[PDB]
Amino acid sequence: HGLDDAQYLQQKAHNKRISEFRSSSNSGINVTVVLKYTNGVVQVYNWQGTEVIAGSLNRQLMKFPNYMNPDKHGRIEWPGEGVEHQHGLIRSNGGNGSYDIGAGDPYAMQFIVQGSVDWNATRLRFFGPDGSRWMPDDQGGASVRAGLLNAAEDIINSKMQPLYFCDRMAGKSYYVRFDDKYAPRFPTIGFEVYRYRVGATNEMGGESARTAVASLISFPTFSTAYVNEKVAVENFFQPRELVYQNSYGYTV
């Protein structure tokens, strides 16, 4: 030996570069919401950002199908799951002739965050279908006058599971069923995800103000619905090198 140490070192340097690039303030951080439906459908929403990733989904987008992702016949709503149905979710006994539970009302959600993220700072907020701040312990939803928009429970970091890519943790995932227990049965959501900083300089303000504000909405939001998780993982998540926990609790 050692006749190919230069090629080796070069590959080593390349690997180091890709793996550590995540900590760059100009790399991507990713927030993915995977909605799960009792017919096997999964609807993906994926946000990208550099310093801060924020967003939300109201019922119109929590449900399937919708104006963003029509079903295979170009329909954005289903019979029995249209306006009257939504009205019955907004207010108990406030609807009319519709299905009790929509086929297109998700039963669960996976929330995935990937990147060099300030994990502890992550906020995931649950609201009812009417935009009311939701509370655990059979407390129901809070009005606008009593509703705490930033609660201790929004910090979900400790409930999230570490997801590895090779030998390092790449991201964290949270799985929750919509059962009125640990989450609303017909929720809407808001979220905030923050860049982990390798220094003390505030890149959300000062000389960085103009780009910090712009970056909030200057990255397209990917979204689609897939016939099932298997297809979503092979055709989206894997090629993106987004980590994802499958139905069996495996990181894929």
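We number the residues from 1 along the sequence you see.
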statement: With B-factors read from the PDB entry, the higher C-alpha mean of 212 to 220 and 65 to 73 is in 65 to 73
task: Take the C-alpha B-factors listed in the entry for 112 to 120 and for 142 to 150, compute each mean, and give the stretch with the larger one.
output: 142 to 150
field: Largest Cα B-factor, entry values, listed residues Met169, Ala103, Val176, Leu89
entry: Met169
message: Out of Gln43, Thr38, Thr32, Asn26, whose C-alpha atom has the biggest B factor in the entry?
response: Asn26
statement: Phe127: CA temperature factor from the record, placed by chain third, in the middle
query: So where's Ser19 on the chain's Cα temperature factor ranking, which third?
result: highest
- request: Please rank the C-alpha B-factors of the chain's modelled residues and tell me whether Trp134 sits in the lowest, middle or highest third.
  value: highest
message: Quick check for you: using the entry's CA B-factors within this chain, is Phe165 in the lowest, middle or highest third?
response: highest
message: Quick check on the deposited entry: does the C-alpha B-factor of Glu51 sit in the lowest, middle or highest third of its chain?
response: lowest
